[PDB]
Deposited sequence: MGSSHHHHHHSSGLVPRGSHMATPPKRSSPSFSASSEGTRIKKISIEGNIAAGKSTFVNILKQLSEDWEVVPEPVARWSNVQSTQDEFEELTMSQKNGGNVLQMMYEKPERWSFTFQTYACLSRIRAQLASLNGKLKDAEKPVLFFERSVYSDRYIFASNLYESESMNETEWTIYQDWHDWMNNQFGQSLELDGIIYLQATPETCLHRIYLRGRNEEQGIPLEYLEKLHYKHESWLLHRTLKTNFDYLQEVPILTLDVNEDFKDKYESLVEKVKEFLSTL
């Protein structure tokens, strides 16, 4: 497509949703694909066209919480569903949004690359996924990718300390995340740094080595840096 695809990346509660959903109003050609975290805390599949007329769409289980409560049991299930639901959402907005925009930009809250190379990879490294699960996951992810359009034109990395992220998890108050310890955020932090700052992390996706990356420090209170962040963003986009 003519739509530029830009992923917003960063640790848990770095402020990606906040930033990008405020950022996107600056232009009517700018849209966001949220991460489907609602679909994870309330697991639902489609109703039959007649049954939905008389039966409600009930609340399902919370696979996000199942993963946090027992990662060695539920990591693989969670990570597969996370990626699937993301791909669904990103593909539909690609094929559906920003038609007849002049300079259309679609910002993705996280990417299939961070699902694999940050979150899933970290679970494998922590023995929360075994060899078989990790092989199946990567096999499936490779296949999904070679099938599917989503190639990124750029990455905006929102960098915050593990401590900042831990505080913001508390501020946000998602119930399933309230037992996350500092060490877990630290491990995710180092993965992001390797991928997006030091660029030493190797992926199956050659183009990524070349994709332009904008790194923005988001540790400060929202007002204190937003103007410079916005100006850095428009400057970056002008380069793509």
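Annotation: deposited residues 1-38, 187-188 are not represented by C-alpha coordinates in the model.
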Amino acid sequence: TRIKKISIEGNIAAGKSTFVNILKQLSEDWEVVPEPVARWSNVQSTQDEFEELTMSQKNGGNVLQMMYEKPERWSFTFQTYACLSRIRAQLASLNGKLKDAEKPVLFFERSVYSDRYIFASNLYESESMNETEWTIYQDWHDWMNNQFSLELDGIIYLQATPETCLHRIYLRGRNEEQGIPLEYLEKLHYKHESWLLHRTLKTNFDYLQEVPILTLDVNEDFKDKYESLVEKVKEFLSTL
From here on, numbers count along this sequence of modelled residues.
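Of the two segments examined, 3-11 and 229-237, it is 229-237 that shows the higher average Cα temperature factor in the deposited entry. Of the two segments examined, 100-108 and 129-137, it is 100-108 that shows the higher average Cα temperature factor in the deposited entry.
Of the residues listed, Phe78, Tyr113, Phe119, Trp143, the entry assigns the biggest Cα temperature factor to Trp143. Ranking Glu193, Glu186, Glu35, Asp206 by Cα temperature factor from the entry places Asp206 first.
Ranked against the other modelled residues of its chain, the C-alpha B-factor of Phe148 as given in the entry falls in the highest third. Residue-level temperature factors show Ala92 in the highest third of its chain, judged at the C-alpha atom. Looking at the C-alpha B-factors along this chain, the one for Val63 belongs to the lowest third.
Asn175 sits in the highest third of its chain by CA B factor, as recorded in the PDB entry. For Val43, the recorded CA temperature factor ranks within the lowest third of the chain's modelled residues.
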